[PDB]
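J.: One structure, pasted below without further comment.
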Amino acid sequence: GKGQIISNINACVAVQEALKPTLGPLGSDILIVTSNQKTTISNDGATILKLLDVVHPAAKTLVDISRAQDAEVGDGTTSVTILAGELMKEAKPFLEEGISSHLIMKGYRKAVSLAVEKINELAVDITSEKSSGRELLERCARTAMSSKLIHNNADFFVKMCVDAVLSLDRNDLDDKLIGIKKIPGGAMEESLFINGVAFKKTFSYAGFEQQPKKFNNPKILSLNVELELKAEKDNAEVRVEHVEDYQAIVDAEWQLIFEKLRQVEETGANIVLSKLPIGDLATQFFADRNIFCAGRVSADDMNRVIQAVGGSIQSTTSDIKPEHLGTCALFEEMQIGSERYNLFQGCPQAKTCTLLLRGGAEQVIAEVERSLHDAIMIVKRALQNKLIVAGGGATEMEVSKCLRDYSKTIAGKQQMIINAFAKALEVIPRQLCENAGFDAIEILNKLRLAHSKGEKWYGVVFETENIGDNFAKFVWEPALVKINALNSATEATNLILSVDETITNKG
Amino acid sequence: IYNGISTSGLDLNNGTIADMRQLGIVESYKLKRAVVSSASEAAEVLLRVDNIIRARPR
Amino acid sequence: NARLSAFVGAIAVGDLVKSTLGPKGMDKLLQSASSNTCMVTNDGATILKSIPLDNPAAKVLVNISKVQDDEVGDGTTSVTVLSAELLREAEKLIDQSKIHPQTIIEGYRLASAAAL
Amino acid sequence: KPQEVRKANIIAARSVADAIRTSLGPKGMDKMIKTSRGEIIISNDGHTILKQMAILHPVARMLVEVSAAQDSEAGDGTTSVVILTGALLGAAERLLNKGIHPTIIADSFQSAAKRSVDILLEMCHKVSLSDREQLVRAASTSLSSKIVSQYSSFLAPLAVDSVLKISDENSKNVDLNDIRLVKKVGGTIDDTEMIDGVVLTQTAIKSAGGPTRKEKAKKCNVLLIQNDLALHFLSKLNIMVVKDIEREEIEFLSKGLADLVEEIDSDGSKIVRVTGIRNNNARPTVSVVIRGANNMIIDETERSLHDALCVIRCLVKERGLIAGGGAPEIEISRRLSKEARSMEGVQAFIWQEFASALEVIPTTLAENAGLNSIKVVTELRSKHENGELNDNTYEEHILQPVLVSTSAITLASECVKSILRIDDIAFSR
Amino acid sequence: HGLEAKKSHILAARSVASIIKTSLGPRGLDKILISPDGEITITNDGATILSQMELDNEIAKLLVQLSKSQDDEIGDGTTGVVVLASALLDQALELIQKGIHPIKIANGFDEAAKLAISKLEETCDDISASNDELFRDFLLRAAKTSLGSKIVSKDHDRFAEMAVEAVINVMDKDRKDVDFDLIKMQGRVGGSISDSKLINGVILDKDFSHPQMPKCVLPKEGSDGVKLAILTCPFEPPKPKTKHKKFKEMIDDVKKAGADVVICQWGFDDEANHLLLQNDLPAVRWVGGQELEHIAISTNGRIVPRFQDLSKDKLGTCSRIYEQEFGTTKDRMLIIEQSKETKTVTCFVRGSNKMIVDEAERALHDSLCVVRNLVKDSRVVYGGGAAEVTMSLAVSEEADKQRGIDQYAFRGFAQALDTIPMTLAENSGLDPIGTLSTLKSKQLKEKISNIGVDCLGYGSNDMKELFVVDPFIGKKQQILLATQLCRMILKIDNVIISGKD
């Protein structure tokens, strides 16, 4: 019946209400408690919404469009869910007066055809004009770091952010290629950029391992299985018919491993890593040969080492071929972070890097880790996509303007629908002001003054509350966000409003 | 005041124990004997009554 | 309940004018059924006589306080406050003994002579 | 639980203050009250709300007695005194949780009220009654809250010239009950006669034989009565008779109370005037006569000119004037916050809470006017630091007499004191 | 929702915070706690009490997450941060009712926290820049305050020097890097605390197996250190991996090098230990995982994997190895010290009861964390409540000079700092309001100084004569975590609690 349509609209409001404070870098965060009891807190709407698992069928549409938003684009997963839900809230009083849903849903796609042609007119392609290679990455890095605790220390952080993307291919860039590990303790300005990978220092036990950490050209080799003798967990029982034979029972592993001890010496590999915990048998012979090794290496850490020197993993140490080996330029393990952490430097073939951060608490670094990801996604989409538009409410306020004038020239019921479509676009700049504390009543009223003077670049200043231009604030967003969001929000809005019945089978 | 040489008294202005002879705080002696003699006879009337029958409610 | 009405019942009535002792003492409102005839005052003898008391033990305290007003007329509230404190100490002596208070009364006469 | 019984009365008292808080100012929210008799009345005046509210709560009725004394003494601020009373009750809630006895709370209000008056008089500009230019513009601004505007220019010198004759010097309390507003049907606002001697409420004899006029009357020429043959008997003796004297005016005439006695009727009034009493004990009582056509004219005008006499009454008892709108309340909270370190003990913390309780009056004025609550209050502390009494209400002709702000704090100290001093209540009959 | 969760977050924090207010300070309560592993101890440390609290409220769970990270930095400021952060939430509730957004409260406390740091540094004093000879007495009396509530207070004179040398050995003068993994706490039942000695090395819990083996190791005619063998290959004939169903060659290679002790994880046999008895070569059975991976750096030796390359100078060298009998305990453990400075120091404490050992173990471990913060920053401040009063007067005075919306955010931060001295005043038997006004009057009209709440009974102010100091880096770390916690709570406007299956 008709009552199912209204019930489906209010069901999405409860999900949308939680995603409203998550819009913007300064907005509130959602605390989600998984059934596994692991607590995760982040401002990225993708991972957030994926943890809800709402039983309601129409709420699954928001999850489906969130995956395509994070895959094809990666930015704006929160805004695409709020914009798709806002159109359903404004259409609630229109359905109570007898207006069919088909006319309202059809009117939304009418403004989409005018929105696609509007984005192409607002897209300006500029690369080397009034800019350079270093000035492009430097000016855009301080924008995402503004209004944060790192703004005073951002001078040293921008220099490390520019060299991060230069170490990787400009045609193909991935934000996951730069790792960030939380290191408790130390100053936040003492962090450095490393091309290699670091470990967690999981060994708190003392009494061995003397060795200098300064190496010239170590050789890297991967080992798929654990080679060890001493084991802290399990144990071996020996019962036989002879008294003097109790010793030799546990020695069955000697000969074949005894030969493998000198195979590394003949090979010369100075780096040995494995995804399984390694005992003290491997660390024994490696001392004199100046061979470095680390046990209990994560699975994701070895995959980054394979792509570093171009080597490959092998099960045993016998049949390893010479092309599996690799060598870096320098290996230096310093005390940065008040603990010795191994790292690689000088790998020309390395397809990934790691950006280390320091701070007095792990929660402070977590706020910086999510803030650095926003600056990477801007550069990630500024390379492949040459169309750059003014974001932060600039383009959002421009789309609503022109659509109000196009409705006056369109006779019929589409006039109120397009006018309501442009009116619902005001939720994006509003919520951004409420999350930062600014008053959305006065700004949205005063912004419409200069907005009608013909200048389409007027944005919203995120630092000090006032009307201004995002061109001077260096707030940029790719044109792919505005194109993919309007197409996904319109399809998701027309899908839920057309539901006349909710069928759920139990058993 | 336990043993000897105590002129101290209760001073409500400063919230502490001060000498009342310097501030000039005195009370009538007739009021002292009247209250003690009345309170002593008042306590005897209630104690000398072992059982109290409920009065007729009006 | 005979001694309880003369102790707990008297202390509950005695604590009404107990906080009004002294110029810095507390105050109490006296409300009637219609509530529009009420008044506020610091007089201890007025509060006791105005409030209707169904306790037959509390009616005796009203007649005792009238002796101080006719003989002298000063410190009437202080008599009720001091008499209420004597019942607090006498209540602890009885329940821990359960002996006739007349023996305890004889102890008050010997102690009052040393106080004068 | 002796204190918990009092805390239940404090919460009930704060609910009454929050209801009146929305009615503060001309832009405040009105309150609809339906009487048990069926009469439906509504208005923003806090004195009329608490009068017909029929509060059955014993402690909450204290606000009615304070509001009655607020209009009888200062004449203005009956709504603001309720808000200031509830502010001290809300601040005292956290004081009881710290183990503070209300005696220290009540005793500290006496030192805080007397200190707030001395601080307010330092920033106040002392004025004298000898200047007639200030009293005209003072009473004219109070008439801007009523429908009458252009006709209020002639009403300003009417109230000023009446008080200056009876002001003299060092008069202290000046009773305005001796000044009666005469409401008669007919005439206009611009037509007014002072008649400084006295003005009655009644007409004269319309029968035959009545002289209706006498020269050198008190050998009784004129008499008052609280038969037709008695009028004819005294007509031969040339004795004027005025009957049907209202019982309410009996006590009035015994206070203020002839060279010439005549009856002058502008239109339809038929009123007798008396001039030149020249009594040594009795002063010069003046009764204001108000003329109007419709009933809504003389009514709204009566309440408008009555408030204008109260503002002038404040200047006679206490000289000086300050700018309204919560301007002085901001600087007082700033000075008492810094001077709180000069004290010691529990009383020192009370000065800090007393400064925050004075900021509710200017905050409510910003809330009821549609402006942002916290945003306007922050602008008050910012501008009042460099300038003194410059924020601009002087250009907007907003002048609040100093006695209203003084009596509002004085009556609030006694009202809150009478509350916390009640530790229990019982049935008494 | 907005009108619901925002009000409930304040009441949920006051319930948990009010529990530890009674245990704050040396006069607080010692709570009895039993770990699920079977360890029973009694201590007032808030990090252990808060970790044992299990509740379903998502707001109070943030305290355990913050105390877990703070335990590595300090660990003794658990009770200080929770009470201080809860005071910021009490002042934030009034700001919400005035129409101020909660995001402005988060940014308002950040500007007040950084401003109060520069004010405390101006009034701060330095140790090495004033008196060098008092640097020894500063570390001795710092642990006496925390140990005054325990039986340790009787022998505290000797135990005060044990915590000084343990922190210095694991750190560098310029670097000032201290790791809790380099300091271990162990203890056994029996004996008393007076027999506890500072050990420069590990425990190993070794009885030297058969008693005929020598309990002490000789220098062997002025050799270099004491030769020890760290090896993963024991002495026993091997086999292949295809079966599953030599004595004189291996043992003579070890004797040529001179290694006295051999380490092997698993156990040995009877006849297997008879060959090592004739050569005076003690054996090691049941090796725990704690005996390797660091300390050997201080040995300045080499590492030889196999018996073939063993020599005299390539073996690890230590000071000496001896077996000292402790009381009537049949364990008969060992003590290995070192002449040169090592990177690891393990404290050894004895007690007559199991509960007494664990009571003094965590009491001494807390003293190591206090000294850790004192050596990290040479400049120290006067504590005992004087830090919160001095920092509050600077913010309250500068709040009037700073205009705008943040003007009221600065006043709430100054009043929130007064919660700490008022809480300690109630635990000391003093008027919290009267003492707070007294401390402000003495620091204004008389002179600028630091006078806090009295921890021990006295008649007046000016605890500065007692030379009670607190580390500057320790107090600065507390106000940063308390401000970050108050901001983190405001960032969560909704409590999502999943069901059960």
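In the structure tokens, chains take letters A, B, ... by order of appearance, with residues numbered from 1 within each chain and ligands from 1 in the order shown.
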Tell me as a ChimeraX atom specification which residues belonging to chain E come within 10 Å of chain D, counting only C-alpha atoms.
T.: /E:95,97-100,396-397,400-408,431-441,444-445
J.: Could you list, as a count of residues only, the residues of chain E having an atom within 7 Å of chain A when counting only C-alpha atoms?
T.: 34
J.: List every residue of chain D that has an atom at most 6 Å from any atom of chain C, giving for each one its closest atom pair and the distance in Å to one decimal, counting only C-alpha atoms, sorted by chain and then by ascending residue number, as a Markdown table.
T.:
| residue | atom | partner | partner_atom | distance |
| --- | --- | --- | --- | --- |
| D:421 | CA | C:26 | CA | 5.1 |
| D:422 | CA | C:27 | CA | 4.9 |
| D:425 | CA | C:29 | CA | 5.4 |
| D:427 | CA | C:31 | CA | 5.3 |
| D:428 | CA | C:51 | CA | 4.0 |
| D:429 | CA | C:32 | CA | 5.2 |
J.: Looking only at the backbone, which of the residues in stretch 4-45 of chain C does DSSP tag as alpha helix (DSSP H), as a ChimeraX atom specification?
T.: /C:4-18,44-45
J.: Just to confirm, what's the straight-line distance from atom CA of residue E:468 to atom CA of residue E:173 in Å (one decimal)?
T.: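 About the pair atom CA of residue E:468 and atom CA of residue E:173: they are 23.6 Å apart.
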J.: Would you pick out the contacts of stretch 88-92 of chain A at 12 Å or less, using only C-alpha atoms, so that residues sharing its chain but fewer than 2 positions from it are not included, and give the list as number ranges by chain?
T.: A: 2-3, 5-14, 16-17, 58, 81-86, 94-105, 107-108, 416-427, 489-498
J.: For residue C:66, please output as a list in words all residues within 9 Å (counting only C-alpha atoms; exclusion window: fewer than 6 positions along the same chain).
T.: residues 45, 73 and 76 of chain C
J.: Counting only C-alpha atoms, what is within 9 Å of stretch 81-95 of chain D, bar same-chain residues fewer than 4 positions away, as a VMD selection string?
T.: chain D and resid 7 10 to 11 13 to 18 20 to 21 24 46 63 66 to 67 70 77 99 to 102 105 350 353 to 354 356 to 358 360 to 361 364 407 to 409 411 to 413 415 to 416 419 to 420
J.: Since we have the selection now, will you write its residues out, keeping C-alpha atoms, as a PDB file, in the first residue's frame?
T.:
ATOM      1  CA  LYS D   7      14.991  21.283  47.490  1.00  0.00           C
ATOM      2  CA  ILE D  10      13.407  25.208  44.930  1.00  0.00           C
ATOM      3  CA  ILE D  11      12.720  23.129  41.808  1.00  0.00           C
ATOM      4  CA  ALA D  13      10.249  27.860  42.232  1.00  0.00           C
ATOM      5  CA  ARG D  14      12.635  27.629  39.267  1.00  0.00           C
ATOM      6  CA  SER D  15       9.798  26.343  37.073  1.00  0.00           C
ATOM      7  CA  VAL D  16       7.793  29.501  37.803  1.00  0.00           C
ATOM      8  CA  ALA D  17      10.768  31.751  37.030  1.00  0.00           C
ATOM      9  CA  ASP D  18      11.375  29.950  33.727  1.00  0.00           C
ATOM     10  CA  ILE D  20       8.011  34.287  33.419  1.00  0.00           C
ATOM     11  CA  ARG D  21      11.448  34.366  31.761  1.00  0.00           C
ATOM     12  CA  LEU D  24      10.473  39.449  29.582  1.00  0.00           C
ATOM     13  CA  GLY D  46       4.533  39.565  34.918  1.00  0.00           C
ATOM     14  CA  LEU D  63       7.325  36.057  44.154  1.00  0.00           C
ATOM     15  CA  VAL D  66       7.970  40.783  45.772  1.00  0.00           C
ATOM     16  CA  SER D  67       6.265  41.671  42.483  1.00  0.00           C
ATOM     17  CA  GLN D  70       8.391  45.932  42.986  1.00  0.00           C
ATOM     18  CA  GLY D  77      11.026  45.410  36.764  1.00  0.00           C
ATOM     19  CA  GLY D  99      27.941  20.939  52.189  1.00  0.00           C
ATOM     20  CA  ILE D 100      27.308  24.695  52.420  1.00  0.00           C
ATOM     21  CA  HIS D 101      24.680  25.826  54.913  1.00  0.00           C
ATOM     22  CA  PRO D 102      22.126  28.322  53.528  1.00  0.00           C
ATOM     23  CA  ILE D 105      24.476  31.688  51.326  1.00  0.00           C
ATOM     24  CA  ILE D 350      29.879  32.810  46.416  1.00  0.00           C
ATOM     25  CA  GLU D 353      28.570  32.384  41.407  1.00  0.00           C
ATOM     26  CA  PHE D 354      26.857  35.701  42.169  1.00  0.00           C
ATOM     27  CA  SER D 356      27.228  34.554  36.813  1.00  0.00           C
ATOM     28  CA  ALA D 357      23.695  34.902  38.218  1.00  0.00           C
ATOM     29  CA  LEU D 358      23.521  38.560  37.131  1.00  0.00           C
ATOM     30  CA  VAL D 360      20.726  35.985  33.040  1.00  0.00           C
ATOM     31  CA  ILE D 361      18.876  39.317  32.673  1.00  0.00           C
ATOM     32  CA  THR D 364      17.101  36.751  28.283  1.00  0.00           C
ATOM     33  CA  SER D 407      15.481  47.567  44.099  1.00  0.00           C
ATOM     34  CA  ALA D 408      15.594  44.505  41.832  1.00  0.00           C
ATOM     35  CA  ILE D 409      18.791  43.313  43.526  1.00  0.00           C
ATOM     36  CA  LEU D 411      14.289  42.614  46.822  1.00  0.00           C
ATOM     37  CA  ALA D 412      15.922  39.526  45.297  1.00  0.00           C
ATOM     38  CA  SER D 413      18.321  39.234  48.244  1.00  0.00           C
ATOM     39  CA  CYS D 415      13.248  36.935  48.509  1.00  0.00           C
ATOM     40  CA  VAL D 416      15.886  34.221  48.077  1.00  0.00           C
ATOM     41  CA  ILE D 419      13.180  30.746  50.648  1.00  0.00           C
ATOM     42  CA  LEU D 420      16.291  28.935  51.898  1.00  0.00           C
TER      43      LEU D 420
END
J.: Can you list, as a list in words, every protein, DNA or RNA residue that comes within 8 Å of residue B:34 when you count only C-alpha atoms, leaving out same-chain residues fewer than 4 positions away?
T.: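 Non-adjacent residues within range: residues 30 and 38 of chain B; 68 of chain C.
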J.: Put those residues in a file: N, CA and C atoms, as a PDB file, in the first residue's frame.
T.:
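Okay, selection.pdb is ready:
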ATOM      1  N   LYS B  30      19.100  35.735  85.152  1.00  0.00           N
ATOM      2  CA  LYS B  30      17.746  35.257  85.408  1.00  0.00           C
ATOM      3  C   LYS B  30      17.262  34.337  84.297  1.00  0.00           C
ATOM      4  N   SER B  38      12.923  25.325  84.240  1.00  0.00           N
ATOM      5  CA  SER B  38      11.753  24.938  83.461  1.00  0.00           C
ATOM      6  C   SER B  38      12.003  23.660  82.670  1.00  0.00           C
TER       7      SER B  38
ATOM      8  N   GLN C  68       6.481  29.493  81.387  1.00  0.00           N
ATOM      9  CA  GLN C  68       7.573  30.433  81.164  1.00  0.00           C
ATOM     10  C   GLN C  68       7.064  31.778  80.659  1.00  0.00           C
TER      11      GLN C  68
END
J.: Within 12 Å of chain D, which residues of chain B show up when using only C-alpha atoms, listed as a VMD selection string?
T.: chain B and resid 12 to 15
J.: What is the atom CA of residue E:24 to atom CA of residue E:461 distance in Å?
T.: 20.7 Å
J.: What's around stretch 187-191 of chain D at 8 Å? Count only C-alpha atoms, leave out sequence neighbours fewer than 5 positions away in its own chain, and write the answer as an mmCIF file with C-alpha atoms, in the first residue's frame.
T.:
data_model
loop_
_atom_site.group_PDB
_atom_site.id
_atom_site.type_symbol
_atom_site.label_atom_id
_atom_site.label_comp_id
_atom_site.auth_asym_id
_atom_site.auth_seq_id
_atom_site.Cartn_x
_atom_site.Cartn_y
_atom_site.Cartn_z
ATOM 1 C CA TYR D 151 -0.316 62.634 21.097
ATOM 2 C CA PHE D 154 1.747 66.876 25.331
ATOM 3 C CA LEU D 155 1.540 64.190 28.037
ATOM 4 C CA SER D 266 -15.663 70.798 28.849
ATOM 5 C CA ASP D 267 -18.058 68.314 27.241
ATOM 6 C CA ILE D 290 -7.673 62.157 31.454
ATOM 7 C CA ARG D 291 -10.260 62.669 28.709
ATOM 8 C CA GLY D 292 -11.051 60.331 25.840
ATOM 9 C CA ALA D 293 -13.796 59.169 23.498
#
J.: For chain C, which residues have at least one atom within 9 Å of chain B, if we go by only C-alpha atoms? Write them as a CSV table (one decimal) with N, CA, C and O atoms, in the first residue's frame, please.
T.:
chain,number,residue,atom,x,y,z
C,1,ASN,N,4.8,1.9,72.5
C,1,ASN,CA,4.6,3.1,71.8
C,1,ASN,C,4.3,4.3,72.8
C,1,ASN,O,4.1,5.4,72.4
C,2,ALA,N,4.3,3.9,74.1
C,2,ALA,CA,4.0,4.9,75.1
C,2,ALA,C,5.2,5.9,75.2
C,2,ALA,O,5.0,7.1,75.1
C,3,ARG,N,6.4,5.4,75.4
C,3,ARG,CA,7.6,6.3,75.4
C,3,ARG,C,8.0,6.8,74.1
C,3,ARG,O,8.6,7.8,74.0
C,5,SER,N,6.0,7.9,71.7
C,5,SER,CA,5.2,9.1,71.4
C,5,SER,C,5.7,10.2,72.2
C,5,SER,O,5.6,11.4,71.8
C,6,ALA,N,6.2,10.0,73.4
C,6,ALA,CA,6.8,11.0,74.3
C,6,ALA,C,8.3,11.3,73.9
C,6,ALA,O,8.8,12.4,74.4
C,7,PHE,N,8.9,10.5,73.1
C,7,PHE,CA,10.3,10.8,72.7
C,7,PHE,C,10.3,11.1,71.2
C,7,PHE,O,10.6,12.2,70.8
C,54,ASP,N,-2.2,15.8,67.2
C,54,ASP,CA,-3.0,14.6,67.7
C,54,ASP,C,-2.3,13.8,68.7
C,54,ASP,O,-2.9,12.9,69.3
C,55,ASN,N,-1.0,14.0,68.9
C,55,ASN,CA,-0.2,13.2,69.8
C,55,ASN,C,-0.6,13.7,71.2
C,55,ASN,O,-0.4,14.8,71.6
C,56,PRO,N,-1.1,12.8,72.1
C,56,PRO,CA,-1.4,13.2,73.5
C,56,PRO,C,-0.2,13.6,74.3
C,56,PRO,O,-0.4,14.3,75.3
C,57,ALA,N,1.0,13.1,73.9
C,57,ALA,CA,2.2,13.5,74.7
C,57,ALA,C,2.6,14.9,74.3
C,57,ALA,O,3.2,15.5,75.2
C,60,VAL,N,1.1,18.0,76.3
C,60,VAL,CA,1.6,18.4,77.6
C,60,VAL,C,2.7,19.4,77.5
C,60,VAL,O,2.8,20.3,78.3
C,61,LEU,N,3.5,19.3,76.4
C,61,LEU,CA,4.6,20.3,76.2
C,61,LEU,C,4.0,21.7,76.0
C,61,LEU,O,4.7,22.7,76.3
C,64,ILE,N,3.3,23.2,79.4
C,64,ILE,CA,4.5,23.5,80.1
C,64,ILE,C,5.1,24.8,79.7
C,64,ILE,O,5.6,25.6,80.5
C,65,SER,N,5.1,25.0,78.4
C,65,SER,CA,5.7,26.3,77.8
C,65,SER,C,4.9,27.5,78.2
C,65,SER,O,5.5,28.6,78.2
C,67,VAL,N,4.0,28.2,81.2
C,67,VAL,CA,4.5,28.7,82.5
C,67,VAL,C,5.6,29.7,82.4
C,67,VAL,O,5.7,30.7,83.1
C,68,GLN,N,6.5,29.5,81.4
C,68,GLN,CA,7.6,30.4,81.2
C,68,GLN,C,7.1,31.8,80.7
C,68,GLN,O,7.7,32.8,81.0
C,72,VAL,N,7.8,34.8,83.4
C,72,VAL,CA,8.8,35.8,82.9
C,72,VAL,C,8.4,36.2,81.5
C,72,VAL,O,8.1,37.4,81.3
C,74,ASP,N,10.5,35.4,78.7
C,74,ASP,CA,11.7,35.5,77.8
C,74,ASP,C,12.4,34.2,77.7
C,74,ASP,O,12.4,33.4,78.7
C,75,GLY,N,12.9,33.9,76.5
C,75,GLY,CA,13.5,32.6,76.3
C,75,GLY,C,12.6,31.4,76.3
C,75,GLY,O,13.0,30.3,76.8
C,76,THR,N,11.4,31.6,75.8
C,76,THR,CA,10.4,30.5,75.7
C,76,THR,C,10.9,29.4,74.8
C,76,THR,O,10.8,28.2,75.0
C,78,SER,N,14.0,28.7,73.9
C,78,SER,CA,15.2,28.0,74.4
C,78,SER,C,14.8,26.9,75.4
C,78,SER,O,15.5,26.0,75.6
C,79,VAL,N,13.6,27.1,76.1
C,79,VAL,CA,13.2,26.0,77.0
C,79,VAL,C,12.8,24.8,76.3
C,79,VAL,O,13.1,23.6,76.7
C,80,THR,N,12.1,24.9,75.2
C,80,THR,CA,11.6,23.8,74.4
C,80,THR,C,12.8,23.1,73.7
C,80,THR,O,12.9,21.8,73.7
C,81,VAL,N,13.8,23.9,73.3
C,81,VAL,CA,15.0,23.3,72.6
C,81,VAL,C,15.8,22.5,73.6
C,81,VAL,O,16.3,21.4,73.3
C,82,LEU,N,16.0,23.1,74.8
C,82,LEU,CA,16.8,22.4,75.8
C,82,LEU,C,16.0,21.1,76.4
C,82,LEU,O,16.6,20.1,76.7
C,83,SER,N,14.7,21.2,76.5
C,83,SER,CA,13.9,20.1,76.9
C,83,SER,C,13.9,19.0,75.9
C,83,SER,O,13.9,17.8,76.2
C,84,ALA,N,14.0,19.3,74.6
C,84,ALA,CA,14.1,18.3,73.6
C,84,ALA,C,15.4,17.6,73.6
C,84,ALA,O,15.4,16.4,73.3
C,86,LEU,N,17.1,17.0,76.3
C,86,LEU,CA,17.1,16.1,77.4
C,86,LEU,C,16.4,14.8,77.1
C,86,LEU,O,16.8,13.7,77.6
C,87,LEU,N,15.4,14.8,76.2
C,87,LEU,CA,14.7,13.6,75.8
C,87,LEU,C,15.6,12.7,74.9
C,87,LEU,O,15.4,11.5,74.8
C,90,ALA,N,17.8,10.9,77.3
C,90,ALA,CA,17.0,10.0,78.1
C,90,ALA,C,16.6,8.8,77.3
C,90,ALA,O,16.3,7.7,77.9
C,100,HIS,N,12.9,1.9,85.3
C,100,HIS,CA,12.0,3.0,85.5
C,100,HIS,C,12.8,4.3,85.5
C,100,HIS,O,13.9,4.4,86.2
C,101,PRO,N,12.4,5.4,84.7
C,101,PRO,CA,13.2,6.6,84.7
C,101,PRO,C,13.3,7.4,86.0
C,101,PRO,O,14.1,8.3,86.0
C,102,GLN,N,12.4,7.1,86.9
C,102,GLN,CA,12.5,7.9,88.2
C,102,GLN,C,13.8,7.8,88.8
C,102,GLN,O,14.2,8.8,89.5
C,105,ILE,N,15.7,10.3,87.0
C,105,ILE,CA,15.2,11.6,87.4
C,105,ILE,C,15.9,12.1,88.6
C,105,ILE,O,16.3,13.3,88.7
C,108,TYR,N,19.2,13.8,87.7
C,108,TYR,CA,19.1,15.1,87.2
C,108,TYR,C,19.0,16.2,88.3
C,108,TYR,O,19.5,17.3,88.1
C,109,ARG,N,18.4,15.8,89.4
C,109,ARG,CA,18.3,16.8,90.5
C,109,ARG,C,19.7,17.0,91.2
C,109,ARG,O,20.0,18.1,91.6
C,112,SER,N,21.6,19.1,88.5
C,112,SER,CA,21.2,20.5,88.3
C,112,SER,C,21.6,21.4,89.5
C,112,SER,O,21.8,22.6,89.3
C,116,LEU,N,23.9,25.1,89.0
C,116,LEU,CA,23.5,26.4,89.6
C,116,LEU,C,24.7,27.0,90.4
C,116,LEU,O,24.8,28.2,90.5
J.: May I ask for the distance between atom CA of residue D:57 and atom CA of residue D:418, given in Å to one decimal place?
T.: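 Separation of atom CA of residue D:57 and atom CA of residue D:418: 14.3 Å.
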